[PDB]
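All chains are named by letter (A, B, ...) in the order of the sequence lines, taking the proteins before the strands, and each is independently numbered beginning at 1. Atom set for the values below is all heavy atoms of this structure, side chains included, hydrogens, waters and symmetry mates excluded.
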Amino acid sequence: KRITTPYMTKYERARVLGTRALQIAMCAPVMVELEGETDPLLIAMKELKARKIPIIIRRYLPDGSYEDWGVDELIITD
Amino acid sequence: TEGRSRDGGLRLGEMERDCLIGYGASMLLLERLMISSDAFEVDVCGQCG
Amino acid sequence: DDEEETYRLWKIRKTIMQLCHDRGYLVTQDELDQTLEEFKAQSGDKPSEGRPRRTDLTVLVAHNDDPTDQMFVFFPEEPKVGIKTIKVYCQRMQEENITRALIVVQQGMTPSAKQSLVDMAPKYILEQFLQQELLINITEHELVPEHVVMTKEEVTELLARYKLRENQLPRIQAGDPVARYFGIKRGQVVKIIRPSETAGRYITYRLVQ
Amino acid sequence: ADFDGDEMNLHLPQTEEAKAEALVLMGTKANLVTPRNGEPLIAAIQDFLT
Amino acid sequence: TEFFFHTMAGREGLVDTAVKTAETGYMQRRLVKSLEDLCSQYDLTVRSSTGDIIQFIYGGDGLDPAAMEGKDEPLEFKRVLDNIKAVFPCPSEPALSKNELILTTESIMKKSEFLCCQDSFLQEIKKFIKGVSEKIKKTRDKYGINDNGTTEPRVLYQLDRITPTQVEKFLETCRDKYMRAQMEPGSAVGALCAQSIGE
DNA sequence: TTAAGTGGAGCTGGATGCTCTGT
DNA sequence: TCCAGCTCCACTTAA
RNA sequence: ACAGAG
Ligand SMILES: [Zn+2]
């Protein structure tokens with residue numbers, strides 16, 4: 001079982017969008033069908049809303065254990 | 001450099017640093033206060049330190 | 001005076017009974033509810049009343065752990081207690097094979113006597129109380145929460161629930177008044193029940209160190 | 001700020017990761033309320049209230 | 001002479017502003033250096049950098065000061081129920097009685113997703129719903145309303161109206177607003193504390 | 001008589017807001 | 001311009 | 001080192 005909160009925090013959201021934007025700025029495959037957007041961060045926001053981002057967030061408890069959460073299975077929110 | 005006469009640039013003070021910590025903005029604080037000022041590389045010997 | 005002096009010997013005795021009850025010594029319902037006008041019966045006004053050896057307590061046995069674990073409370077009459085009076089109380093305590101005592105000093109204690117209580121023995125532990133501290137039961141003061149001394153089987157759950165070591169808990173000093181009141185020692189944990197602004201409660205923990 | 005010859009500073013983050021942390025965490029729409037008492041600070045002012 | 005005294009009283013405000021910079025900026029620097037290491041952790045604790053505990057749960061509740069819709073409290077139930085009545089009025093549904101409201105509330109509140117709330121918050125909702133239920137009785141006793149819905153001047157059912165759909169939407173809105181008001185792990189909670197006392 | 005532990009008094013070293021804009 | 005530590009020196013207890 | 005500005 002995983003005990004930590006199911007909601008994506010603003011810090012997780014900020015760094016997933018950042019790391020995905022940096023990966024889309026380099027020549028990575030885009031998982032959504034882009035529609036003439038050029039700005040990498042705008043493309044990363046479409047992938048987050050479409051739940052297509054291939055990142056796992058490893059939440060770290062202070063004793064050193066960890067939980068692997070998929071970005072697609074957290075509850076995203078504004 | 002220090003100012004307008006010398007095309008100096010602007011300061012991120014100790015107080016602006018305290019603002020950015022409170023946002024949790026760890027990479028922006030690394031970009032502003034390392035990458036766009038004084039990024040460098042040193043050779044460090046792992047034996048003597 | 002004499003009206004005021006007896007008032008102290010009632011309030012001090014009343015607080016010591018509640019202190020002994022909260023430590024888990026056997027205290028009877030008529031000791032805790034001993035009224036001022038009832039105190040006047042066994043010991044009366046100051047000429048009849050005796051302070052050094054009439055108001056002493058020894059009936060207190062640690063009824064939870066064992067009836068042989070027993071504790072004194074002593075009320076010296078000299079305002080500054082020297083080592084002589086300590087040695088007097090120690091050898092009386094040695095004869096009875098009691099290992100704990102409370103000494104209730106009236107103004108203070110001389111420095112060489114204070115040093116003795118650290119080193120007389122680890123197996124003969126004596127706690128200084130000033131009577132000016134016992135005129136007000138701090139466990140009933142509005143700013144002091146409920147403290148509860150935790151059992152080892154509960155400390156082992158606290159450290160398991162958070163995956164802590166002991167030295168990551170917050171600290172409480174042994175010189176703290178409420179630490180002295182419960183007589184706790186280094187390595188015990190106290191549960192503290194802080195009152196909320198609402199009906200609820202918040203639970204926190206401290207380590208004696 | 002009070003528009004009486006006041007000056008303000010501008011910084012352009014030079015990194016994609018620094019854009020995202022600026023946009024999501026430090027955006028004005030994410031900061032309509034002060035952290036202190038939770039009250040709104042971006043709201044109407046003189047000539048928008050009158 | 002009046003102008004001189006008014007100028008005396010005025011300069012004490014000018015001189016306070018000139019002093020207030022040095023009087024306060026040092027104070028805020030000390031606060032930040034002391035508090036900056038404190039981060040709210042994923043196990044709902046507040047720890048220093050060395051790993052010692054400052055608090056076992058942030059602020060006693062775990063809740064975020066920036067999310068408080070009330071005076072230091074996460075919701076204001078009177079406002080939230082009025083909102084749900086006006087966004088979702090349900091003209092085709094019956095108005096619940098005192099007993100039917102309590103029964104239908106405890107049917108929803110025993111669902112599995114409500115178990116993740118702190119028990120103090122579940123008591124406050126039940127205390128509020130019990131309060132609402134007593135107003136329905138007082139009105140229906142005054143006007144002679146019968147709980148079976150049969151009474152002829154139908155406008156009487158507007159007085160303290162509440163419908164099952166509105167109760168369901170109310171409990172979901174409260175439970176959601178509580179979960180989203182928790183202090184999110186990672187939050188640099190000492191730096192917010194430092195600046196909130198300094199400013 | 002004096003060994004010693006602890007009170008009270010004077011000496012010492014530290015600190016005192018953030019930036020641009022010019023001579 | 002204001003404020004904690006460090007050291008020197010009288011002042012009782014105790015043997 | 002002084003004067004300014006917010
Ligand atoms: Zn080397």
Inset, instruction - Start with the C-alpha distance between E:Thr50 and E:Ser48, add both sets of side-chain angles, then the distance that settles side-chain hydrogen bond (donor to acceptor under 3.5 Å, both in side chains), and finish with yes or no. - result: CA-CA 5 Å; E:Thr50 56; E:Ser48 68; 3.0 Å; yes
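The separation of F:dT16 from H:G6, taken at their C1' atoms, amounts to 23 Å, rounded to a whole angstrom. The separation of G:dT1 from F:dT19, taken at their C1' atoms, amounts to 25 Å, rounded to a whole angstrom. Comparing G:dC2 with F:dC18, their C1' atoms are spaced 23 Å from each other, to the whole Å.
Side-chain contact of A:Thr9 with A:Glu12: a donor-acceptor pair under 3.5 Å is present, judged by distance alone. No donor-acceptor contact under 3.5 angstrom links the side chains of C:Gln107 and C:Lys80, judged on distance only. One side chain, B:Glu31 or B:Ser36, offers a donor N or O that lies under 3.5 Å from an acceptor on the other. C:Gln115 and C:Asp119 share a side-chain donor-acceptor pair at under 3.5 Å. In this model, a donor atom of one side chain and an acceptor atom of the other lie less than 3.5 Å apart for C:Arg171 and C:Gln209.
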Taking N or O atoms only and anything under 3.5 Å, show me the protein contacts with nucleotides 13-22 of chain F, one pair per line.
| unit_1 | atom_1 | unit_2 | atom_2 | d |
| --- | --- | --- | --- | --- |
| F:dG17 | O4' | E:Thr21 | O | 3.4 |
| F:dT19 | OP2 | B:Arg11 | NE | 3.0 |
| F:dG22 | OP2 | B:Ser5 | N | 3.4 |
| F:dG22 | OP2 | B:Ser5 | OG | 2.8 |

Could I get a table of every N or O pair under 3.5 Å where one atom is in the protein and the other is in nucleotides 12-15 of chain G?
none

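You'll find the ring centres of C:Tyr162 and E:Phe56 inside the 6.0 Å limit.
Taking C:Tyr205 as the reference, C:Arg161 meet the side-chain hydrogen bond (donor to acceptor under 3.5 Å, both in side chains) condition, with sequence neighbours excluded.
In this structure F:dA4 sits in a base pair with G:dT12, meeting the Watson-Crick or G-U test at under 3.5 Å.
The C1'-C2'-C3'-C4' torsion of G:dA10 is negative, which assigns its sugar to the south, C2'-endo side. Sugar pucker of G:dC8: south, as indicated by a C1'-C2'-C3'-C4' torsion of negative sign.
At distances below 3.5 Å, at least one donor-acceptor pair connects side-chain atoms of E:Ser196 with backbone N or O atoms of E:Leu192. E:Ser187 places a side-chain N or O within 3.5 Å of a backbone atom of E:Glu184 that can act as its donor or acceptor partner.
Taking atom CG on E:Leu14 and atom P on H:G6, their separation rounds to 12 Å, with Å as the unit. Atom CE in C:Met109 sits about 16 Å away from atom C1' in F:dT6, given to the nearest Å.
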Legend entry - Letter per nucleotide, 5' to 3', of nucleotides 2-7 of chain G [B base touched, S only sugar-phosphate touched, - untouched; heavy atoms, 4.0 Å]: ------
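Paired runs in RNA chain H that reach 3 or more consecutive Watson-Crick or G-U pairs, where each pair keeps both distances under 3.5 Å, cover F:20-23 with H:1-4.
A ring-ring contact (aromatic ring centres under 6.0 Å, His included) check over residues 77-127 of chain C, counting only residues at least two apart or in different chains, returns the pairs C:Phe74-C:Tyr89.
Between C:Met150 and C:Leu158, the shortest heavy-atom contact is CE-CB, 4.4 Å. When all heavy atoms of C:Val88 and C:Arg53 are compared, the closest pair comes out as CG1-NH2, 3.8 Å.
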